[PDB]
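Everything on this sheet refers to the single structure shown next.
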There are 2 protein chains.
Amino acid sequence: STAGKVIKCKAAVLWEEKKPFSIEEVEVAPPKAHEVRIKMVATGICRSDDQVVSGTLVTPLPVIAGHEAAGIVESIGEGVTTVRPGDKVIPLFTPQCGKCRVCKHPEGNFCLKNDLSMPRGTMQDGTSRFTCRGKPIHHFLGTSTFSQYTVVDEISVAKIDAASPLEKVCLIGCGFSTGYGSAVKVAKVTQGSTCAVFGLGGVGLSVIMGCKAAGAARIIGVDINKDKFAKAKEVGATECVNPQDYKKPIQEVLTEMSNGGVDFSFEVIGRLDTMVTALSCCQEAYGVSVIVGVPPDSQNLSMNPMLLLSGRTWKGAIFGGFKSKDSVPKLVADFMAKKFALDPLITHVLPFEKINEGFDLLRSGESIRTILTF
Amino acid sequence: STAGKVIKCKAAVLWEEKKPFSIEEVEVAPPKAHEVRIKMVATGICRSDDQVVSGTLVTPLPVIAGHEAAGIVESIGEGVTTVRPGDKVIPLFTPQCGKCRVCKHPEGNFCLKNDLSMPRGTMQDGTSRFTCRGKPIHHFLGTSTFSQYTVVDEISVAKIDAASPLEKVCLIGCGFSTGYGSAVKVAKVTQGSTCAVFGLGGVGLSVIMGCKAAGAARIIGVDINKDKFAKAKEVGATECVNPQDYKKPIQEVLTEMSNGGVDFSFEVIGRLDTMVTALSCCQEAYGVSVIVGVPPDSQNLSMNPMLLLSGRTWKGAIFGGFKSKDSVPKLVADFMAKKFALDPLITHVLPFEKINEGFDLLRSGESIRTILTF
Ligand SMILES: NC(=O)c1ccc[n+]([C@@H]2O[C@H](COP(=O)([O-])OP(=O)([O-])OC[C@H]3O[C@@H](n4cnc5c(N)[nH+]cnc54)[C@H](O)[C@@H]3O)[C@@H](O)[C@H]2O)c1
Ligand SMILES: NC(=O)c1ccc[n+]([C@@H]2O[C@H](COP(=O)([O-])OP(=O)([O-])OC[C@H]3O[C@@H](n4cnc5c(N)[nH+]cnc54)[C@H](O)[C@@H]3O)[C@@H](O)[C@H]2O)c1
Ligand SMILES: CCCCCCCCCC(=O)O
Ligand SMILES: CCCCCCCCCC(=O)O
Ligand SMILES: [Zn+2]
Ligand SMILES: [Zn+2]
Ligand SMILES: [Zn+2]
Ligand SMILES: [Zn+2]
């Protein structure tokens, strides 16, 4: 009987850029019409949550960040039909309203109700469900998973299998689905192709998993941190290259290695220069390059459009191109059926209260995904 | 007989940038092994030829330019198997060797034997068949059609229907096939879609023809020259807009007109600014933008990669993505079977001796295609 009552609980509040999270008591309002309040069970530390701290991914502060998570419904607002109290759920940082021109399109997933293109840090109704020290606190991407309890819009949550291990399937809420979908859905990697993956973190390892699932013959991992190469090979890389080892730019190295350019390249870092390098290294007539990394706010890249004129395709995607609410329950079902592995992504486990230690592990280069448990 | 002998004939020589063509006698050597000497019958004036004069498309000078043409085989070198003397032919500025990794790929057409990516201005053997006033003269894109006679490599020529009208089907050598293919093969325009076409010259009108053939519901022509709008509507534009008429940038105008962005946009001008505008005006989640225009030499554009991260596809192509030697005869057969029209592209038909007057018509905005007749 917390239904319809304010809940006091602990959250990780970010008051200022480039500062530690503050673990402290917040007030979580009850859900309004078509809103869902979730008791969080596990949440991943994604580089995009660090980009909020760095100020390179801009969203209003102060904020409760976190977007890669799983929990159990505590209560539903009036009119909710797609979840019930006690259901296991994954918050959807890319919503699926099911009504807009994008949700109706066979290949769109970037639903027009998203809080990604022009972040306001609110619920759909333009208000916050979070108070801290008597001050309103922003939401993040309509999810805000660094909290014992959050409130999300119904279009931002999916019901998943009741037997789901939530400390694993939280990765379906971001890094696994993003990287796997970038390969199998956005690029549509083909059997016997040569792929180059720039960045061997949680999301780039998931791209490798998707390239290997699609039957690529060669998967070249690219990272400046050679410590990332062993796990990249475990999940399917056939060879790994560190740009720092070479006198020549890595686009020239990769073009040589692939006897004239790769079939598919993926930027999975978030840098302007590696976005251009990744486009250049794909074959000039028929190559495809996919941007997955989140570039720094309000910065333009410079490129030569002759790279496109010869025949290259350049595209990007959020969340692996998956329509979120249709896709997340299916991805969980496929995980339960052993169609892909999540354990290779999980290098560390900590209690939520050690969230700062989890960010330090990511920043040091030591972790892939740290999973925090509430 | 001319076979096996040097031919002295008339050609339009470009001795240096930003000067008129010089119409004078050149010597055309006989074809070597796997080469074809063609008597030219008609050639079109394409903006790319003007870009060589402007210096914004770089190729070695002095040069015989011209790449959009048709003629009749005068003689064949040893080892030629695909054409014979007397055949009607179209030179292929994009070759099709049939042997390279691109020619073997189902979606590639930018054959590695091309003289487009690093223009040398020669035959495949690295020599020139042209002299003028005792100086060697460069080839252009392996074609050089501003000459009563040219010599091309076999991989740079297609045999066409003996009954085809060369004064019309010369456009299948560049402008028609480029525009049409950019719509139907590269973009793969869908039935009921909304398309935006930037530039309503010969290639942009051919893009409109392809979008209409593909069943687009709306085709928005964009040009700063409103005199181009009447013919754009004749061949299928549903509306035309002049950016100079608006206070707001045209990407904003086209996003509003299309209720959130177009399905397909095409840059058919060759400006960096319009390439970015065209990408921006396509819907952010599922839009596709195709670069057809040839951008100015050695100049980079600046763009915000978030345009791609939301889901846009950005791609370019040469010659409408068509594998040139397979496609050109089929396009001529389809023209003979009334599957498309070429007359709407032809505004002027001049003798070859009036080449300079033909270029002045293009530069002044008066013409679409001028066809020069030998
Ligand atoms: N498109 C989406 O929906 C989506 C989802 C999830 C993450 N992201 C972004 O994807 C990117 C990767 O996220 P992640 O895997 O969690 O991050 P991560 O774990 O930091 O991995 C990035 C990897 O890139 C490596 N790296 C850094 N700089 C360079 C360089 N200059 N050259 C070659 N390698 C380099 C780095 O060593 C690290 O292993 C970040 O930009 C995220 O913000 C996008
Ligand atoms: N990709 C290929 O294989 C290929 C083949 C043929 C042509 N080209 C290029 O395609 C482009 C078009 O060729 P074309 O149709 O012969 O040329 P064109 O006949 O000069 O047509 C270009 C049109 O662009 C219009 N225009 C110029 N500036 C602007 C502007 N700022 N805003 C809006 N409209 C503008 C201009 O008024 C004209 O009607 C040129 O860049 C060619 O070099 C590429
Ligand atoms: C990517 C290299 C492109 C070179 C294009 C040379 C001109 C092709 C013919 C044309 O555009 O009319
Ligand atoms: C198209 C603008 C999107 C920028 C923000 C993307 C953040 C989503 C979460 C993630 O990347 O891990
Ligand atoms: Zn929607
Ligand atoms: Zn993420
Ligand atoms: Zn070839
Ligand atoms: Zn041309």
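Quick note on naming: the chains in the structure tokens go A, B, ... in the order shown, residues restart at 1 in each chain, and ligands are numbered from 1 in order of appearance.
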Give the residue list for ligand 8 at 7 Å, counting only C-alpha atoms and all ligand atoms, as a compact mmCIF listing (two decimals) with C-alpha atoms, in the first residue's frame, sorted by chain and then by residue number.
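File produced: result_35.txt:
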# COMPACT_ATOMS: atom_id res chain seq x y z
CA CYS B 46 26.47 17.88 -69.18
CA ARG B 47 27.25 20.25 -66.26
CA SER B 48 30.19 17.95 -65.37
CA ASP B 49 31.86 18.95 -68.67
CA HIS B 67 31.24 11.93 -71.93
CA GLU B 68 27.49 11.82 -72.82
CA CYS B 174 24.96 10.24 -68.59
CA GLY B 175 22.14 12.58 -67.58
Legend entry - Exercise answer, chain A residues close to chain B, 6 Å and only C-alpha atoms, as number ranges by chain: A: 108, 110, 285-286, 300-304, 308-318
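Note that the spacing between atom CA of residue 12 of chain B and atom CA of residue 25 of chain B amounts to 8.7 Å.
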Legend entry - Near-segment 327-333 of chain B list (12 Å; only C-alpha atoms; drop same-chain fewer than 3 positions) as a VMD selection string: chain B and resid 68 to 70 88 to 96 109 156 to 166 168 to 174 176 to 178 180 to 181 185 319 to 324 336 to 342
Write the residues of the preceding selection, restricted to C-alpha atoms, as an mmCIF file, in the first residue's frame.
data_model
loop_
_atom_site.group_PDB
_atom_site.id
_atom_site.type_symbol
_atom_site.label_atom_id
_atom_site.label_comp_id
_atom_site.auth_asym_id
_atom_site.auth_seq_id
_atom_site.Cartn_x
_atom_site.Cartn_y
_atom_site.Cartn_z
ATOM 1 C CA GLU B 68 27.491 11.822 -72.822
ATOM 2 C CA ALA B 69 27.319 10.542 -76.376
ATOM 3 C CA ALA B 70 26.488 7.982 -79.043
ATOM 4 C CA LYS B 88 25.717 1.798 -82.702
ATOM 5 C CA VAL B 89 27.419 2.352 -79.315
ATOM 6 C CA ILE B 90 27.399 4.486 -76.177
ATOM 7 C CA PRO B 91 30.741 5.191 -74.482
ATOM 8 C CA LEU B 92 30.652 4.380 -70.757
ATOM 9 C CA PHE B 93 32.354 6.995 -68.563
ATOM 10 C CA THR B 94 31.990 4.440 -65.734
ATOM 11 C CA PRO B 95 33.538 1.264 -67.147
ATOM 12 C CA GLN B 96 32.417 -2.352 -66.455
ATOM 13 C CA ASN B 109 28.988 -0.028 -60.227
ATOM 14 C CA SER B 156 34.177 1.666 -71.711
ATOM 15 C CA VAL B 157 31.712 0.949 -74.559
ATOM 16 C CA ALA B 158 28.286 -0.742 -74.962
ATOM 17 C CA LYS B 159 26.578 -1.953 -78.135
ATOM 18 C CA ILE B 160 22.995 -0.650 -78.476
ATOM 19 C CA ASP B 161 19.972 -1.319 -80.721
ATOM 20 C CA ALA B 162 20.865 -0.774 -84.418
ATOM 21 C CA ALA B 163 17.559 1.126 -84.832
ATOM 22 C CA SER B 164 18.024 3.588 -81.933
ATOM 23 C CA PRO B 165 17.970 7.342 -82.607
ATOM 24 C CA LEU B 166 21.456 8.454 -81.496
ATOM 25 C CA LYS B 168 18.176 11.126 -78.280
ATOM 26 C CA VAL B 169 19.759 8.009 -76.719
ATOM 27 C CA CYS B 170 23.111 9.826 -76.196
ATOM 28 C CA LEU B 171 21.402 11.039 -72.906
ATOM 29 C CA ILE B 172 21.466 7.407 -71.646
ATOM 30 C CA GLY B 173 25.275 7.883 -71.568
ATOM 31 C CA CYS B 174 24.963 10.236 -68.585
ATOM 32 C CA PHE B 176 19.004 10.391 -67.962
ATOM 33 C CA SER B 177 20.506 7.177 -66.536
ATOM 34 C CA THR B 178 22.161 9.065 -63.662
ATOM 35 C CA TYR B 180 16.590 7.912 -63.191
ATOM 36 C CA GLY B 181 18.836 5.320 -61.463
ATOM 37 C CA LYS B 185 18.010 1.973 -57.927
ATOM 38 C CA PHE B 319 25.719 6.996 -63.073
ATOM 39 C CA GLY B 320 22.558 6.202 -61.051
ATOM 40 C CA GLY B 321 24.185 3.050 -59.523
ATOM 41 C CA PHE B 322 23.840 1.238 -62.910
ATOM 42 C CA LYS B 323 26.445 -1.368 -63.878
ATOM 43 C CA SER B 324 27.195 0.525 -67.079
ATOM 44 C CA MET B 336 12.619 2.009 -77.847
ATOM 45 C CA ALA B 337 9.677 0.263 -76.011
ATOM 46 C CA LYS B 338 8.390 3.729 -74.810
ATOM 47 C CA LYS B 339 9.037 2.940 -71.088
ATOM 48 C CA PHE B 340 10.381 6.509 -70.570
ATOM 49 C CA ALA B 341 10.756 9.793 -72.514
ATOM 50 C CA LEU B 342 13.974 11.698 -73.418
#
Inset, instruction - Excluding residue 278 of chain A and any residue of its chain fewer than 3 positions from it, enumerate the residues within 10 Å of it, using only C-alpha atoms, and give them as a ChimeraX atom specification. - result: /A:196-198,250-251,254,262,264-268,273-275,281-282,288-291,314
Those same residues - N, CA, C and O atoms - I'd like them written as a JSON list (two decimals), in the first residue's frame.
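Output file result.json is given in full below:
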[["chain", "number", "residue", "atom", "x", "y", "z"],
["A", 196, "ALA", "N", 34.41, -3.86, -39.78],
["A", 196, "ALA", "CA", 35.33, -3.15, -38.88],
["A", 196, "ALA", "C", 34.52, -2.49, -37.78],
["A", 196, "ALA", "O", 33.53, -1.79, -38.10],
["A", 197, "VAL", "N", 34.88, -2.72, -36.55],
["A", 197, "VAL", "CA", 34.17, -2.18, -35.37],
["A", 197, "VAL", "C", 35.10, -1.29, -34.59],
["A", 197, "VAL", "O", 36.05, -1.76, -34.03],
["A", 198, "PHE", "N", 34.79, 0.00, -34.56],
["A", 198, "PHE", "CA", 35.58, 1.04, -33.86],
["A", 198, "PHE", "C", 34.99, 1.22, -32.48],
["A", 198, "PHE", "O", 33.87, 1.74, -32.35],
["A", 250, "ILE", "N", 44.51, 4.88, -39.65],
["A", 250, "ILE", "CA", 43.94, 3.52, -39.57],
["A", 250, "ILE", "C", 42.98, 3.28, -40.76],
["A", 250, "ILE", "O", 42.81, 2.10, -41.10],
["A", 251, "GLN", "N", 42.37, 4.30, -41.36],
["A", 251, "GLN", "CA", 41.53, 4.02, -42.55],
["A", 251, "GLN", "C", 42.38, 3.36, -43.65],
["A", 251, "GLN", "O", 41.87, 2.52, -44.36],
["A", 254, "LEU", "N", 43.14, -0.31, -42.61],
["A", 254, "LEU", "CA", 41.95, -1.18, -42.76],
["A", 254, "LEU", "C", 41.61, -1.40, -44.23],
["A", 254, "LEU", "O", 41.22, -2.52, -44.59],
["A", 262, "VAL", "N", 36.35, -2.29, -46.33],
["A", 262, "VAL", "CA", 35.47, -3.24, -45.65],
["A", 262, "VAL", "C", 34.04, -3.18, -46.20],
["A", 262, "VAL", "O", 33.61, -2.12, -46.73],
["A", 264, "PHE", "N", 31.27, -3.42, -44.16],
["A", 264, "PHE", "CA", 30.51, -2.72, -43.09],
["A", 264, "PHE", "C", 31.47, -2.18, -42.06],
["A", 264, "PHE", "O", 32.28, -2.91, -41.52],
["A", 265, "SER", "N", 31.34, -0.90, -41.73],
["A", 265, "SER", "CA", 32.07, -0.33, -40.59],
["A", 265, "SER", "C", 31.11, 0.31, -39.59],
["A", 265, "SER", "O", 29.98, 0.66, -39.93],
["A", 266, "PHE", "N", 31.51, 0.32, -38.32],
["A", 266, "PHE", "CA", 30.69, 0.80, -37.20],
["A", 266, "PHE", "C", 31.52, 1.74, -36.36],
["A", 266, "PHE", "O", 32.60, 1.35, -35.91],
["A", 267, "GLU", "N", 31.07, 2.97, -36.12],
["A", 267, "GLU", "CA", 31.67, 3.85, -35.12],
["A", 267, "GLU", "C", 30.92, 3.64, -33.82],
["A", 267, "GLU", "O", 29.72, 3.94, -33.78],
["A", 268, "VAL", "N", 31.62, 3.20, -32.80],
["A", 268, "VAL", "CA", 30.99, 2.83, -31.51],
["A", 268, "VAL", "C", 31.84, 3.44, -30.39],
["A", 268, "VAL", "O", 32.10, 2.83, -29.36],
["A", 273, "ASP", "N", 36.32, 12.38, -35.32],
["A", 273, "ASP", "CA", 37.39, 11.94, -36.24],
["A", 273, "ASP", "C", 37.20, 10.46, -36.59],
["A", 273, "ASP", "O", 37.38, 10.10, -37.75],
["A", 274, "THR", "N", 36.81, 9.63, -35.64],
["A", 274, "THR", "CA", 36.60, 8.17, -35.90],
["A", 274, "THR", "C", 35.30, 7.98, -36.70],
["A", 274, "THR", "O", 35.21, 6.95, -37.44],
["A", 275, "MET", "N", 34.31, 8.87, -36.62],
["A", 275, "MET", "CA", 33.16, 8.76, -37.54],
["A", 275, "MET", "C", 33.62, 8.90, -38.99],
["A", 275, "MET", "O", 33.21, 8.08, -39.85],
["A", 281, "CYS", "N", 37.04, 3.97, -44.33],
["A", 281, "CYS", "CA", 37.58, 2.59, -44.41],
["A", 281, "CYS", "C", 36.61, 1.62, -45.09],
["A", 281, "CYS", "O", 36.99, 0.45, -45.35],
["A", 282, "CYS", "N", 35.34, 1.98, -45.29],
["A", 282, "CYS", "CA", 34.45, 1.07, -46.05],
["A", 282, "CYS", "C", 34.68, 1.26, -47.54],
["A", 282, "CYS", "O", 35.13, 2.30, -47.96],
["A", 288, "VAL", "N", 29.16, 0.23, -46.39],
["A", 288, "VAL", "CA", 28.16, 0.84, -45.48],
["A", 288, "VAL", "C", 28.86, 1.16, -44.16],
["A", 288, "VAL", "O", 29.52, 0.26, -43.61],
["A", 289, "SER", "N", 28.69, 2.37, -43.67],
["A", 289, "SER", "CA", 29.21, 2.78, -42.35],
["A", 289, "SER", "C", 28.05, 3.24, -41.48],
["A", 289, "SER", "O", 27.23, 4.05, -41.90],
["A", 290, "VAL", "N", 27.98, 2.72, -40.27],
["A", 290, "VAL", "CA", 26.94, 3.05, -39.27],
["A", 290, "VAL", "C", 27.55, 3.78, -38.08],
["A", 290, "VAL", "O", 28.44, 3.22, -37.44],
["A", 291, "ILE", "N", 27.02, 4.96, -37.78],
["A", 291, "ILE", "CA", 27.37, 5.72, -36.57],
["A", 291, "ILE", "C", 26.46, 5.20, -35.45],
["A", 291, "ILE", "O", 25.21, 5.31, -35.53],
["A", 314, "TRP", "N", 26.13, 6.01, -45.62],
["A", 314, "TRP", "CA", 26.45, 6.46, -44.25],
["A", 314, "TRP", "C", 25.15, 6.57, -43.50],
["A", 314, "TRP", "O", 24.26, 7.26, -43.97]]
Inset, instruction - Please identify all polymer residues within 10 Å of residue 76 of chain B, counting only C-alpha atoms, omitting same-chain residues fewer than 6 positions from it, and present them as a PyMOL selection string. - result: chain B and resi 3-4+30-38+82-85+151-154
Inset, instruction - Give me, please, the distance in Å between atom CA of residue 119 of chain B and atom CA of residue 26 of chain B, quoted to one decimal. - result: 21.7 Å
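With only C-alpha atoms taken into account, the protein and nucleic acid residues at most 8 Å from residue 59 of chain A (excluding it and anything under 4 positions from it in its own chain) are residues 52, 119, 120, 121 and 140 of chain A.
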Could you take the residues named above and write them with C-alpha atoms, as an mmCIF file, in the first residue's frame?
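And here is the file that came out, selection-v3.cif:
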data_model
loop_
_atom_site.group_PDB
_atom_site.id
_atom_site.type_symbol
_atom_site.label_atom_id
_atom_site.label_comp_id
_atom_site.auth_asym_id
_atom_site.auth_seq_id
_atom_site.Cartn_x
_atom_site.Cartn_y
_atom_site.Cartn_z
ATOM 1 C CA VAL A 52 25.990 13.490 -19.077
ATOM 2 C CA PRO A 119 16.087 16.990 -24.123
ATOM 3 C CA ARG A 120 13.664 18.662 -21.628
ATOM 4 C CA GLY A 121 14.274 16.174 -18.752
ATOM 5 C CA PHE A 140 16.676 11.621 -18.154
#
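For the atom pair formed by atom CA of residue 17 of chain A and atom 2 (C, counted along the ligand's line) of ligand 1, the distance is 21.3 Å, given to one decimal.
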Inset, instruction - Looking only at strand (DSSP E or B) from DSSP on the backbone, list the matching residues of segment 282-367 of chain B as a ChimeraX atom specification. - result: /B:282,288-291,301-303,313-316,346-351
Inset, instruction - Enumerate, as a ChimeraX atom specification, the complete set of residues in segment 136-341 of chain A that a backbone-based DSSP assignment places in helix (DSSP H, G or I). - result: /A:154-156,166-173,175-187,202-213,226-234,243-245,250-257,272-281,306-309,319-321,324-336
Residues from last step as file, C-alpha atoms, as a short mmCIF file (atom, residue, chain, number, x, y, z; two decimals), in the first residue's frame:
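What follows is the written file again.cif:
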data_model
loop_
_atom_site.label_atom_id
_atom_site.label_comp_id
_atom_site.auth_asym_id
_atom_site.auth_seq_id
_atom_site.Cartn_x
_atom_site.Cartn_y
_atom_site.Cartn_z
CA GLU A 154 3.50 3.93 -20.45
CA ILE A 155 5.02 4.37 -23.97
CA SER A 156 8.48 4.20 -22.23
CA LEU A 166 16.84 -8.79 -14.23
CA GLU A 167 20.57 -8.42 -13.28
CA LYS A 168 21.38 -9.68 -16.85
CA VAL A 169 18.48 -8.50 -19.05
CA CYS A 170 18.90 -4.84 -17.96
CA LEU A 171 21.54 -4.79 -20.77
CA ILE A 172 18.67 -5.25 -23.32
CA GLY A 173 17.56 -1.74 -22.21
CA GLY A 175 24.04 -1.58 -24.79
CA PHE A 176 23.30 -5.15 -26.01
CA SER A 177 20.24 -4.15 -28.16
CA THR A 178 21.98 -1.07 -29.55
CA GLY A 179 25.10 -2.91 -30.72
CA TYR A 180 23.38 -6.12 -31.84
CA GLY A 181 20.65 -4.20 -33.79
CA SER A 182 23.23 -1.84 -35.38
CA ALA A 183 24.73 -4.97 -37.00
CA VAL A 184 21.70 -7.19 -37.81
CA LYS A 185 18.98 -4.54 -38.44
CA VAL A 186 20.62 -1.18 -39.37
CA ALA A 187 23.71 -2.39 -41.36
CA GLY A 202 29.82 -2.86 -24.15
CA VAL A 203 28.15 -1.55 -27.30
CA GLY A 204 31.00 -2.43 -29.72
CA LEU A 205 31.21 -5.98 -28.31
CA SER A 206 27.41 -6.24 -28.98
CA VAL A 207 28.02 -5.07 -32.59
CA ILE A 208 30.64 -7.88 -32.88
CA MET A 209 28.08 -10.37 -31.50
CA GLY A 210 25.64 -9.17 -34.23
CA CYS A 211 28.26 -9.32 -37.01
CA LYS A 212 29.16 -12.92 -35.97
CA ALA A 213 25.42 -13.88 -35.77
CA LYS A 226 44.70 -3.15 -26.34
CA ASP A 227 43.29 -4.55 -22.99
CA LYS A 228 39.88 -4.66 -24.82
CA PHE A 229 41.13 -7.12 -27.52
CA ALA A 230 40.93 -10.44 -25.65
CA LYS A 231 37.15 -10.14 -24.93
CA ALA A 232 36.53 -8.78 -28.49
CA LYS A 233 38.10 -12.03 -29.86
CA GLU A 234 36.05 -14.14 -27.40
CA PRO A 243 45.68 2.78 -34.33
CA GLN A 244 48.52 3.90 -32.00
CA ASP A 245 50.68 1.00 -33.34
CA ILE A 250 43.94 3.52 -39.57
CA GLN A 251 41.53 4.02 -42.55
CA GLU A 252 44.55 3.21 -44.85
CA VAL A 253 45.52 0.20 -42.66
CA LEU A 254 41.95 -1.18 -42.76
CA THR A 255 41.63 -0.54 -46.52
CA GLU A 256 44.90 -2.55 -47.04
CA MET A 257 43.83 -5.35 -44.71
CA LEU A 272 34.02 13.11 -34.87
CA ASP A 273 37.39 11.94 -36.24
CA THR A 274 36.60 8.17 -35.90
CA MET A 275 33.16 8.76 -37.54
CA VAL A 276 35.00 10.08 -40.63
CA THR A 277 37.76 7.32 -40.41
CA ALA A 278 35.04 4.61 -40.16
CA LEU A 279 33.23 5.99 -43.28
CA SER A 280 36.55 6.23 -45.21
CA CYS A 281 37.58 2.59 -44.41
CA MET A 306 33.32 12.52 -52.68
CA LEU A 307 33.45 9.67 -50.09
CA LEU A 308 29.67 9.32 -50.62
CA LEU A 309 29.51 10.14 -54.39
CA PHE A 319 18.87 1.66 -29.93
CA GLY A 320 20.00 -0.57 -32.86
CA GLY A 321 17.03 0.55 -35.00
CA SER A 324 11.54 -0.48 -28.52
CA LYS A 325 8.29 -1.79 -27.01
CA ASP A 326 7.76 -4.45 -29.72
CA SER A 327 11.43 -5.51 -29.65
CA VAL A 328 12.50 -5.58 -25.96
CA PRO A 329 10.16 -8.43 -24.88
CA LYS A 330 11.23 -10.48 -27.93
CA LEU A 331 14.93 -9.88 -27.19
CA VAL A 332 14.34 -11.06 -23.60
CA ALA A 333 12.51 -14.16 -24.90
CA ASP A 334 15.44 -14.87 -27.27
CA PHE A 335 17.90 -14.46 -24.36
CA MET A 336 15.82 -16.92 -22.24
#
Inset, instruction - Do a neighbour search on residue 190 of chain B at 7 Å with only C-alpha atoms, toss out local chain neighbours closer than 2 positions, and write the hits as a ChimeraX atom specification. - result: /B:188,192-193,214-216
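Closest approach to ligand 4 from the set A:22, A:356, A:131, A:114 is made by A:114, with distances taken over only C-alpha atoms and all ligand atoms.
Closest to ligand 6 among A:78, A:346, A:123, A:143 is A:143, based on only C-alpha atoms and all ligand atoms.
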